[PDB]
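Visitor: If you scroll down you'll find the structure; I have some questions about it.
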Amino acid sequence: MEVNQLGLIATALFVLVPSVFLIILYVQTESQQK
Amino acid sequence: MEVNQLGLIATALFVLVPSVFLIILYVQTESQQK
Amino acid sequence: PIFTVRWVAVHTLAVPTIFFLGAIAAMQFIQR
Amino acid sequence: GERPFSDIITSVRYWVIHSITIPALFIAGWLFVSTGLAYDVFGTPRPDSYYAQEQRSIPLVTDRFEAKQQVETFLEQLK
Amino acid sequence: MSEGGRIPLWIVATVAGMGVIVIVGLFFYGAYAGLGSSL
Amino acid sequence: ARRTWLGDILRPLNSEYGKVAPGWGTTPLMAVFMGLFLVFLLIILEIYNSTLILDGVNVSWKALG
Amino acid sequence: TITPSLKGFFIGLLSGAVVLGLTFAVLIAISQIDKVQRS
Amino acid sequence: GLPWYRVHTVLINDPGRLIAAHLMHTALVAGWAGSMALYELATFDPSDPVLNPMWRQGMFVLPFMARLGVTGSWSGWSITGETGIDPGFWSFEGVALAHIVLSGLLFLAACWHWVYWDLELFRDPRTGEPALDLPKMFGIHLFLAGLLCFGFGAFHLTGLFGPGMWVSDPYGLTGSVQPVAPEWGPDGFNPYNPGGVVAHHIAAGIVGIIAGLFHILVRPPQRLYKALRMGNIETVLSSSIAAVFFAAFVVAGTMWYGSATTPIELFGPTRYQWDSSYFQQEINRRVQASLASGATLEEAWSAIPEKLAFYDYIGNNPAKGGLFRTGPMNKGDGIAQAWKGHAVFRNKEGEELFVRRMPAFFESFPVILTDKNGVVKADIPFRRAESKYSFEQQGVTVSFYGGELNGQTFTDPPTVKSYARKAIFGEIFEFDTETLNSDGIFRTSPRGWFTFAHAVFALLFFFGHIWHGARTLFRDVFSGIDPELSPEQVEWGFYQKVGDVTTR
Amino acid sequence: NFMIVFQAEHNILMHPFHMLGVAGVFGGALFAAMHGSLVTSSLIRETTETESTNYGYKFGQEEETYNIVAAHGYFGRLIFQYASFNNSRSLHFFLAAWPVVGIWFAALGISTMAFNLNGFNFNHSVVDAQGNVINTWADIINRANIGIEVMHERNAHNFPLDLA
Amino acid sequence: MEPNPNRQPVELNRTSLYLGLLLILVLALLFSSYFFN
Amino acid sequence: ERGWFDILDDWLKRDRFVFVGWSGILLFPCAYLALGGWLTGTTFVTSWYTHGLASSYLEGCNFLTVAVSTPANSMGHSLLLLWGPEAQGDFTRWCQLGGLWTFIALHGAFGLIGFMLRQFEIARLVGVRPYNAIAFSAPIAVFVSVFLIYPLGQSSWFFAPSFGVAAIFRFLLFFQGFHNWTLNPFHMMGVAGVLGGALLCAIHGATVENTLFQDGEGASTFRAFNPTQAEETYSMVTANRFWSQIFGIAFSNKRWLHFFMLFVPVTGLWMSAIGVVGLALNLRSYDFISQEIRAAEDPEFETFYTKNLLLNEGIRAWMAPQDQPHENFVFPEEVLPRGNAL
Amino acid sequence: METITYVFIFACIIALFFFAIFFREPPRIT
Ligand code: CLA
Ligand code: CLA
Ligand code: CLA
Ligand code: CLA
Ligand SMILES: CC1=C(/C=C/C(C)=C/C=C/C(C)=C/C=C/C=C(C)/C=C/C=C(C)/C=C/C2=C(C)CCCC2(C)C)C(C)(C)CCC1
Ligand SMILES: CC1=C(/C=C/C(C)=C/C=C/C(C)=C/C=C/C=C(C)/C=C/C=C(C)/C=C/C2=C(C)CCCC2(C)C)C(C)(C)CCC1
Ligand SMILES: CCCCCCCCCCCCO[C@@H]1O[C@H](CO)[C@@H](O[C@H]2O[C@H](CO)[C@@H](O)[C@H](O)[C@H]2O)[C@H](O)[C@H]1O
Ligand SMILES: CCCCCCCS[C@@H]1O[C@H](CO)[C@@H](O)[C@H](O)[C@H]1O
Ligand SMILES: CCCCCCCS[C@@H]1O[C@H](CO)[C@@H](O)[C@H](O)[C@H]1O
Ligand SMILES: [Cl-]
Ligand SMILES: [Mg+2]
């Protein structure tokens, strides 16, 4: 299928950028003193 | 120029995946009790 | 006779070196 | 635990021994070349032995397992 | 006979160095004469 | 630590940590086998390399000579 | 049958064993005559 | 805290979680195999094992399934070009499915072993500390490896209970999976004899069973236990990495030179078959036998199988690629469609001329034609002002025998020169360059890519061996040397024997 | 491009100042690895098994962080005793001097080939009894140099010698 | 569950972040041309 | 009553002028034969039958042009043992066939193994961590990839490097013309590690020498150091401030500094070895496909990348007939690529 | 898109230089 060639990078960054943001925030919450 | 269409996603993930790994480790070190 | 490791190591290098240098010296007088 | 080299090479005994052995080794190496023996031990061409008089082609080895006999043939074609 | 320093090290070094110079000088002479001289 | 049915069965097989035979033990016999193994590897290397050439062993895709 | 290269293989093998055997026999002999002294 | 390059050392004293991590690694590798096979099946064209076999299509795991007897698809085709075959469950798809399911089961087992790490099995009954009896584990695992090795050889490879293995004729024309009997004579050590592969697994398997039993029953000598640090699991990592880089060099070598386990219908021809003109000699042998039997030249060359001519073409040589020229060979010269036939060049006097072939070393190569004695008779000049051998001056023509162009003769110099440029590559083919938008630049085959990856990984694993071997033998100084290191233990003259305080 | 043309026009590989340059950078890399490994080899134990050994040194501490006598004892046995530095000032002067002098000579190589005093030319230096040239590896270098020479700046020369 | 005593905190200090990002970005600057080809 | 193995261990590890060790049993014969083989071959042995080349002092070569050259291409990857099927025990023929090349390569390989083992053995006896051995893995990776893996991927040992000064220069230019090796990013990382290592060597030595504390009265400052002293001989604090203000960053940790001096050249050599492993298979970084598509369609498009390929094409065409004599190349004058006039 | 990629990576490197110098971990004597 003749799909848009930017669809792959668009989808990849759409997932990765906000997911990474949340993982960064989660891990540094876990590492805080309990 | 007729570049390889996967070169963009390859470069983006090559940068993003290990950089994010290091950012995760750094931030959760900073947040640890001092 | 009393030979040591150092003595042996010295001469394994030194003895061929002098022989080779005499050979290479002689070669300087070979003409085609 | 061994004597320093500087003590050894500044002693008379060292130089009595080596005033003979060093020149002798030098002369033996000289003769190894000047008698031509070095050519025949190692198989190195003399200046007149790279080419036959008529041909101007390299005696390159082309046969792995009969290379020894191939060199022996290239050499017989010289004289 | 085996005592160190009977022959002063400065003389050993000078003669040995002159020997090195002579033999290396001979090799440079051979670059201009006989085999390898291009002539 | 948690015991389990399968863990109780496997217990003997993980029971002799640190146990040794005295001294050199079977090291001499081991050295012989290592020596034989080295010669074996040298043989198959030299066959593959055509340094060792054997009757009826044509090291080629083709089986002729 | 024993081909020329198999004969060569045995020659190389025996040659290597001789080199190694002589080396160790000598080293062992030297180490036995020239032992370290301990308190 | 732990630096980033040491995070996994938390497993060293935790056998249950080490097992969990090993389970997870095993799940990932099995999942890779399954997903790789599915991707290949979604991209593989099975319609032409002659001019579009798997090794032209960038297939990497398909040849390993085929090597051991998986050759059919549930959709009805086989890799030898058959139709209407029933492979049963163990088709390419069934293999992929099994690996995916295995992956999930291993993933679940990893979770269980991670949570329930504190099993009594992993504790030394005397000390209560975590303890693995590594010498006995070695015997247990060696015995199991020997049994599997033996059974693989005795049942699978023989066809006694299993499919056999891929075998073929010396020119890779008629390959198929066959049962193979073991070869117990010296030719079993011939890498090109498949019977030696069968005998190896039978004999090494038996040896592995015997040595396994020895290693189950006989404790290590105290001298070896101490010297190799057999209480330290990192010693096992060191020597295992060594064995693995040895194996990796071996599989790189047999892939590059060829053996009975790297057949050319599965991985493509070798570079040495081009170097030695292996296929050209066989083609000429057949042509000459046809001619000696009264065939015409057209008949003699028309009797040459397309598959044989295709091996005699440098675009299939694995030493013609590039590190960043990615994908299948078809992406370069195209999807091969048909042999054009054998080009015979002649000058105006009618003498047959031969195009000098390109060696693998050369990205580009001149066009030079010689007679049967090697005398130059024509070429394509660079500077024209002093040209003596141009196709125009020499009246060079080209005639084709066999293939698409059988019986045709070309005399137009640009056309003759165009075919001469293809002849430096060997036999000449027609390609579909449109379907994949092929760029005309040669790529290597899976034979090349396999060899590269495994030689590189092998060399890198040498560093891993050295590193973990050092950490094993120097564990006591890994955090630094004793703060009050005796100056007499490292200076000269104090000790007779280096590192022995009792020889002061 | 600069390097390849330079080789055809000056035979820089056969120039002894470029050879000294190579010894400078090969030797500098070697001595960096050597010095780095010897100091790292003899760090004094100041950390636990968890943390990086780098925490065993504190910026500005007065005491040395490794045992230079241990380091010297290793290296003097690796080669022989008097081949090893026990003087840290001599050692670090050598580390400075070797690459610096090597690169000085490299730079002087380029700066004197700038005036066309070029690398050694042994083209056809070996001749047999009749007068046939017997090629050496120097002659194989010359064939590569010629290939570069005839191809470079392929539209720029009208006359037979490339004199600059 | 009872706590696993083999766990350890992990650390990456700021200098190591800067060194690692430099390594990654420069490797990317180097290899990107070959990925685009 | 001690046991012969322990008595031998005692003697092997005696503190003597030249340490022997168990590792010396491998190291000393193999290093000596590799070095002795090279001196013997470069002094006396020809390359006429393998290469069509003179290669020894005896023939008239000098130190820059002598070599021990690879065997003829027709030997393949033969181990070329003296007693093997090619020389059949004939020492003279063995030399003429190139046996001294595999002699030197293989004794050299096992000698390098012996040396790394020596590094481990001495470190263990003296009680230091074996980082010197670990750093030496880089020379080993280079030797193994260049002198063993690379020819093993090619047609024969003939295309390995020959052991000589000019022979090695020829190897460099061959790799440019045939592999475009300068374009390879693994070679580029190697270059960075070597030049970066030399940079670290110079800057660290210079920094120490110019932040010394005055620990004596002499204007020559080497005498003001004592190996047993506890104190640093130079100021880390002043060095750190200097480079922070000059360059923007500076070392502050002496341990990291010295590990980094190992890491940089060792990693660079390891990367170059990986690229050569690719070149064993002709898996080159030879071209940029997008550049070739554009230049083929647009005869006004030119870059330094296309300019260097023209040089490579010149190298291949003009050096191959004499450099690859087993190919019997005859390239008529009219087919040789060349620009105007030259 | 390839020019953007190259210039983007370069720009990230220059930014890293800025943070590595002016927002470094301060060297501290202890
Ligand atoms: C459960 C049984 C099982 C079976 C029947 C298969 C079957 C198959 N696998 Mg799968 N696989 C499995 C489990 C299994 N797998 C597991 C658990 C994993 C995760 C590790 C994988 C991961 C995997 C991958 C990544 C790949 C396969 C592939 C394949 C296919 C080719 C096999 C091959 O070439 O092996 C070759 C096996 C060897 C060469 C054996 C090496 C043995 C070493 C040398 C022994 C060394 C140590 C030993 C103890 C030494 C002493 C021995 C002693 C006897 C003397 C075949 C369909 C290939 C495929 O086609 O995928 C689609 C493929 O690429 N599998
Ligand atoms: C043993 C490993 C291996 C091998 C030999 C192959 C071989 C093959 N693959 Mg497969 N593949 C693999 C693993 C492998 N694969 C894995 C793990 C995946 C999941 C990602 C895949 C997914 C995959 C897909 C999707 C495709 C292939 C395809 C192919 C074929 C084309 C190969 C190619 O173009 O590579 C190109 C190789 C390179 C460009 C080299 C990369 C070099 C890297 C970037 C160097 C990195 C250096 C590093 C950053 C330095 C660090 C320095 C630091 C330490 C200081 C070939 C048969 C293609 C095909 O034709 O399928 C039909 C295809 O489309 N493979
Ligand atoms: C079976 C093989 C094997 C195993 C089980 C180990 C296991 C270990 N290694 Mg060793 N090592 C190996 C092979 C192996 N190594 C090889 C081949 C090399 C040379 C490349 C090394 C070089 C090495 C060094 C220099 C060090 C270790 C260390 C360690 C310990 C900590 C690992 C860690 O936390 O990394 C964590 C790793 C990360 C968080 C990210 C790494 C990302 C890599 C660089 C790129 C991505 C790889 C990719 C995901 C998968 C490719 C798989 C396949 C193609 C190989 C652990 C015991 C360390 C140690 O001794 O601690 C005390 C240590 O310093 N290893
Ligand atoms: C450290 C010592 C050492 C090592 C590792 C090597 C290694 C090598 N040598 Mg060198 N060599 C050495 C010292 C060494 N050499 C010395 C001191 C000399 C001067 C005499 C030479 C003179 C020399 C020559 C002239 C040549 C070599 C060659 C070689 C290569 C081929 C060797 C071979 O095939 O041996 C095969 C022999 C063995 C491997 C012996 C192994 C013995 C086994 C282990 C015994 C096993 C017994 C078993 C347990 C008993 C079972 C009994 C049964 C009934 C149960 C190899 C690289 C050849 C070469 O380089 O060609 C290019 C070559 O021509 N060497
Ligand atoms: C859970 C479960 C399940 C499921 C499962 C599944 C679905 C799985 C999957 C899996 C998978 C699907 C997997 C995959 C994997 C993959 C991988 C693991 C990959 C990797 C890669 C890599 C590692 C790479 C690398 C590289 C690159 C990237 C580039 C080039 C170079 C190299 C090669 C190095 C079931 C249902 C059964 C049920 C049970 C449970
Ligand atoms: C091979 C072989 C072998 C062995 C042999 C040997 C071991 C030998 C040795 C040899 C030797 C061991 C030789 C030596 C030589 C030397 C020389 C030839 C030298 C020269 C030198 C010079 C010339 C110097 C120079 C210089 C420098 C370098 C720097 C400073 C300055 C001067 C100038 C002084 C055997 C029998 C086992 C077997 C067969 C094969
Ligand atoms: C696409 C890119 C994907 C990249 C993914 C990378 C994942 C990286 C995972 C990092 C794992 C960090 O894991 C985290 O470690 C820290 C310690 O360092 C733990 O923290 C624990 O120790 C610290 C000690 O200082 C305590 O303050 C904390 O209370 C305690 O829970 C966290 O409980 C754990 O969640
Ligand atoms: C002007 C064209 C002359 C016709 C025959 C040319 C040689 S053959 C020609 O070669 C091409 C690759 O160059 C293939 O893509 C194509 O399929 C094939 O027909
Ligand atoms: C040369 C290979 C050496 C391998 C180690 C073999 C040790 S063998 C060991 O040696 C002792 C004396 O040292 C004897 O007392 C003992 O009985 C014997 O088994
Ligand atoms: Cl001009
Ligand atoms: Mg002369």
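Residue numbers start at 1 in each chain; chains themselves are named A, B, ... in the order of the structure tokens; ligands are numbered from 1 in the order shown.
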What's the 9 Å shell around residue 14 of chain B, counting only C-alpha atoms, without same-chain residues fewer than 5 positions away, as a PyMOL selection string?

Guide: (chain B and resi 9+19) or (chain J and resi 24-25+27-28)

Visitor: Write out the coordinates of chain A as a JSON list (two decimals) with N, CA and C atoms, in the first residue's frame after a least-squares overlay onto chain B built on all ordered Cα pairs.

Guide:
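Output file selection-v9.json follows:
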```json
[["chain", "number", "residue", "atom", "x", "y", "z"],
["A", 1, "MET", "N", 17.85, 14.47, -2.99],
["A", 1, "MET", "CA", 18.66, 13.28, -3.04],
["A", 1, "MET", "C", 17.84, 12.03, -2.68],
["A", 2, "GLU", "N", 18.02, 10.98, -3.47],
["A", 2, "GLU", "CA", 17.27, 9.75, -3.24],
["A", 2, "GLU", "C", 17.86, 8.93, -2.09],
["A", 3, "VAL", "N", 17.65, 9.41, -0.86],
["A", 3, "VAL", "CA", 18.19, 8.73, 0.31],
["A", 3, "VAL", "C", 17.28, 7.57, 0.71],
["A", 4, "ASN", "N", 17.84, 6.68, 1.52],
["A", 4, "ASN", "CA", 17.08, 5.57, 2.07],
["A", 4, "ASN", "C", 15.99, 6.12, 2.99],
["A", 5, "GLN", "N", 14.75, 5.67, 2.78],
["A", 5, "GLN", "CA", 13.61, 6.18, 3.51],
["A", 5, "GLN", "C", 13.60, 5.74, 4.98],
["A", 6, "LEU", "N", 14.34, 4.69, 5.32],
["A", 6, "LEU", "CA", 14.46, 4.27, 6.71],
["A", 6, "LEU", "C", 15.58, 4.98, 7.44],
["A", 7, "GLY", "N", 16.37, 5.81, 6.74],
["A", 7, "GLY", "CA", 17.45, 6.52, 7.40],
["A", 7, "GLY", "C", 16.96, 7.44, 8.49],
["A", 8, "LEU", "N", 15.80, 8.06, 8.28],
["A", 8, "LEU", "CA", 15.30, 9.02, 9.25],
["A", 8, "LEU", "C", 14.88, 8.31, 10.54],
["A", 9, "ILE", "N", 14.05, 7.27, 10.43],
["A", 9, "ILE", "CA", 13.63, 6.56, 11.65],
["A", 9, "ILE", "C", 14.83, 5.87, 12.29],
["A", 10, "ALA", "N", 15.78, 5.37, 11.48],
["A", 10, "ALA", "CA", 16.97, 4.74, 12.06],
["A", 10, "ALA", "C", 17.76, 5.73, 12.89],
["A", 11, "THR", "N", 18.01, 6.93, 12.34],
["A", 11, "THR", "CA", 18.77, 7.94, 13.07],
["A", 11, "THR", "C", 18.00, 8.42, 14.29],
["A", 12, "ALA", "N", 16.69, 8.66, 14.14],
["A", 12, "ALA", "CA", 15.89, 9.16, 15.26],
["A", 12, "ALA", "C", 15.91, 8.19, 16.44],
["A", 13, "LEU", "N", 15.73, 6.90, 16.19],
["A", 13, "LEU", "CA", 15.71, 5.96, 17.32],
["A", 13, "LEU", "C", 17.12, 5.72, 17.85],
["A", 14, "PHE", "N", 18.12, 5.74, 16.97],
["A", 14, "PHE", "CA", 19.51, 5.63, 17.41],
["A", 14, "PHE", "C", 19.85, 6.71, 18.42],
["A", 15, "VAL", "N", 19.36, 7.92, 18.21],
["A", 15, "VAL", "CA", 19.56, 8.99, 19.18],
["A", 15, "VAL", "C", 18.66, 8.81, 20.39],
["A", 16, "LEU", "N", 17.36, 8.59, 20.15],
["A", 16, "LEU", "CA", 16.39, 8.77, 21.22],
["A", 16, "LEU", "C", 16.46, 7.64, 22.23],
["A", 17, "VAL", "N", 16.59, 6.38, 21.79],
["A", 17, "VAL", "CA", 16.52, 5.27, 22.73],
["A", 17, "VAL", "C", 17.65, 5.32, 23.75],
["A", 18, "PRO", "N", 18.93, 5.38, 23.37],
["A", 18, "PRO", "CA", 19.95, 5.49, 24.41],
["A", 18, "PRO", "C", 19.94, 6.82, 25.15],
["A", 19, "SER", "N", 19.60, 7.93, 24.50],
["A", 19, "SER", "CA", 19.55, 9.20, 25.22],
["A", 19, "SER", "C", 18.51, 9.14, 26.33],
["A", 20, "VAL", "N", 17.34, 8.58, 26.02],
["A", 20, "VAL", "CA", 16.26, 8.48, 27.00],
["A", 20, "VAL", "C", 16.68, 7.59, 28.17],
["A", 21, "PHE", "N", 17.35, 6.48, 27.86],
["A", 21, "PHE", "CA", 17.89, 5.60, 28.89],
["A", 21, "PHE", "C", 18.75, 6.37, 29.89],
["A", 22, "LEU", "N", 19.65, 7.22, 29.38],
["A", 22, "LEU", "CA", 20.54, 7.97, 30.26],
["A", 22, "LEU", "C", 19.78, 9.03, 31.05],
["A", 23, "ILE", "N", 18.83, 9.71, 30.40],
["A", 23, "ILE", "CA", 18.05, 10.73, 31.12],
["A", 23, "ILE", "C", 17.25, 10.10, 32.26],
["A", 24, "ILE", "N", 16.63, 8.94, 32.00],
["A", 24, "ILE", "CA", 15.90, 8.23, 33.06],
["A", 24, "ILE", "C", 16.83, 7.96, 34.24],
["A", 25, "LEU", "N", 18.02, 7.43, 33.96],
["A", 25, "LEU", "CA", 18.95, 7.10, 35.03],
["A", 25, "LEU", "C", 19.44, 8.34, 35.76],
["A", 26, "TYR", "N", 19.69, 9.43, 35.02],
["A", 26, "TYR", "CA", 20.17, 10.65, 35.66],
["A", 26, "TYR", "C", 19.13, 11.23, 36.61],
["A", 27, "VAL", "N", 17.89, 11.37, 36.12],
["A", 27, "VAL", "CA", 16.86, 12.04, 36.91],
["A", 27, "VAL", "C", 16.58, 11.27, 38.19],
["A", 28, "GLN", "N", 16.49, 9.94, 38.10],
["A", 28, "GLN", "CA", 16.24, 9.17, 39.32],
["A", 28, "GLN", "C", 17.45, 9.15, 40.25],
["A", 29, "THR", "N", 18.65, 9.49, 39.75],
["A", 29, "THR", "CA", 19.77, 9.69, 40.67],
["A", 29, "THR", "C", 19.60, 10.99, 41.43],
["A", 30, "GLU", "N", 19.25, 12.07, 40.71],
["A", 30, "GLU", "CA", 19.01, 13.36, 41.35],
["A", 30, "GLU", "C", 17.92, 13.28, 42.41],
["A", 31, "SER", "N", 16.86, 12.51, 42.15],
["A", 31, "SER", "CA", 15.76, 12.47, 43.10],
["A", 31, "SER", "C", 16.07, 11.62, 44.33],
["A", 32, "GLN", "N", 17.18, 10.89, 44.34],
["A", 32, "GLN", "CA", 17.51, 10.09, 45.52],
["A", 32, "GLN", "C", 17.91, 10.99, 46.68],
["A", 33, "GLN", "N", 17.67, 10.51, 47.90],
["A", 33, "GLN", "CA", 17.91, 11.31, 49.09],
["A", 33, "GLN", "C", 19.36, 11.75, 49.18],
["A", 34, "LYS", "N", 19.56, 13.03, 49.50],
["A", 34, "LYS", "CA", 20.89, 13.61, 49.58],
["A", 34, "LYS", "C", 21.30, 13.83, 51.04]]
```

Visitor: What's the 12 Å shell around residue 17 of chain C, counting only C-alpha atoms, without same-chain residues fewer than 5 positions away, as a list in words?

Guide: residues 10, 11, 12, 22, 23 and 24 of chain C; 22, 25, 26, 28 and 29 of chain D; 35, 36, 39, 40 and 43 of chain K

Visitor: Return as a compact mmCIF listing (two decimals) with C-alpha atoms, in the first residue's frame the residues of protein, DNA or RNA that approach ligand 5 to within 8 Å, with only C-alpha atoms and all ligand atoms taken into account.

Guide:
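Contents of pocket.txt, freshly written:
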```
# COMPACT_ATOMS: atom_id res chain seq x y z
CA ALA H 27 11.93 -15.76 25.65
CA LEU H 28 13.29 -12.81 23.67
CA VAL H 29 15.47 -14.99 21.44
CA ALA H 30 12.64 -17.46 20.75
CA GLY H 31 10.29 -14.56 20.06
CA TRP H 32 12.82 -13.09 17.65
CA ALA H 33 12.98 -16.40 15.77
CA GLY H 34 9.18 -16.58 15.51
CA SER H 35 8.73 -12.97 14.44
CA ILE H 100 5.94 -17.61 19.59
CA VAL H 101 4.12 -19.89 22.04
CA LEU H 102 7.44 -21.02 23.53
CA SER H 103 8.35 -17.34 23.97
CA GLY H 104 5.19 -16.62 25.96
CA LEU H 105 5.62 -19.68 28.17
CA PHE H 107 8.07 -15.16 29.73
CA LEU H 108 5.54 -16.52 32.25
```

Visitor: Taking only C-alpha atoms and all ligand atoms into account, which of K:330, K:20, K:283, K:25 comes nearest ligand 9?

Guide: K:25

Visitor: Do a neighbour search on segment 6-11 of chain J at 6 Å with only C-alpha atoms, toss out local chain neighbours closer than 5 positions, and write the hits as a PyMOL selection string.

Guide: (chain B and resi 29) or (chain H and resi 1-3+10)

Visitor: Can you tell me which residues surround residue 39 of chain D at a distance of at most 9 Å, considering only C-alpha atoms, apart from same-chain residues fewer than 5 positions away, and format the answer as number ranges by chain?

Guide: D: 33, 44-46; K: 44-45, 58

Visitor: As a PyMOL selection string, please: all residues of chain G that backbone DSSP puts in alpha helix (DSSP H).

Guide: chain G and resi 4-33

Visitor: Any chance you can output those residues with C-alpha atoms as a short mmCIF file (atom, residue, chain, number, x, y, z; two decimals), in the first residue's frame?

Guide:
```cif
data_model
loop_
_atom_site.label_atom_id
_atom_site.label_comp_id
_atom_site.auth_asym_id
_atom_site.auth_seq_id
_atom_site.Cartn_x
_atom_site.Cartn_y
_atom_site.Cartn_z
CA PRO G 4 52.93 -38.18 1.89
CA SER G 5 51.00 -35.44 3.71
CA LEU G 6 49.98 -37.88 6.46
CA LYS G 7 53.64 -38.82 6.80
CA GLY G 8 54.35 -35.09 7.03
CA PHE G 9 51.63 -34.75 9.66
CA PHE G 10 53.32 -37.39 11.83
CA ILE G 11 56.68 -35.67 11.31
CA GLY G 12 55.26 -32.35 12.44
CA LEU G 13 53.53 -33.99 15.40
CA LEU G 14 56.63 -35.85 16.55
CA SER G 15 58.74 -32.73 16.01
CA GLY G 16 56.43 -30.68 18.21
CA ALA G 17 56.33 -33.33 20.92
CA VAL G 18 60.14 -33.46 20.93
CA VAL G 19 60.42 -29.67 21.27
CA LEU G 20 57.89 -29.62 24.11
CA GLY G 21 59.28 -32.74 25.79
CA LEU G 22 62.84 -31.46 25.73
CA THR G 23 61.79 -28.00 26.95
CA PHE G 24 59.95 -29.36 29.97
CA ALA G 25 62.54 -32.02 30.79
CA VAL G 26 65.19 -29.29 30.82
CA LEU G 27 63.08 -26.83 32.81
CA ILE G 28 62.18 -29.53 35.33
CA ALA G 29 65.82 -30.61 35.60
CA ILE G 30 66.97 -27.01 36.16
CA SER G 31 64.22 -26.37 38.73
CA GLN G 32 65.23 -29.50 40.68
CA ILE G 33 68.93 -28.62 40.90
#
```

Visitor: For ligand 3, return the neighbouring residues as a PyMOL selection string (distance at most 9 Å; only C-alpha atoms and all ligand atoms).

Guide: (chain B and resi 18+21) or (chain H and resi 3-12+22+234+237-238+240-241+244-245+453+457-468+471+478) or (chain I and resi 49-50)

Visitor: Could the residues of chain D within 7 Å of chain E, counting only C-alpha atoms, be given as an mmCIF file with C-alpha atoms, in the first residue's frame, please?

Guide:
```cif
data_model
loop_
_atom_site.group_PDB
_atom_site.id
_atom_site.type_symbol
_atom_site.label_atom_id
_atom_site.label_comp_id
_atom_site.auth_asym_id
_atom_site.auth_seq_id
_atom_site.Cartn_x
_atom_site.Cartn_y
_atom_site.Cartn_z
ATOM 1 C CA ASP D 7 80.323 -3.551 35.732
ATOM 2 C CA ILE D 8 80.549 -6.318 33.134
ATOM 3 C CA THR D 10 83.849 -2.095 31.782
ATOM 4 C CA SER D 11 85.844 -5.139 32.932
ATOM 5 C CA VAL D 12 88.961 -6.408 31.213
ATOM 6 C CA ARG D 13 87.683 -9.995 31.196
#
```
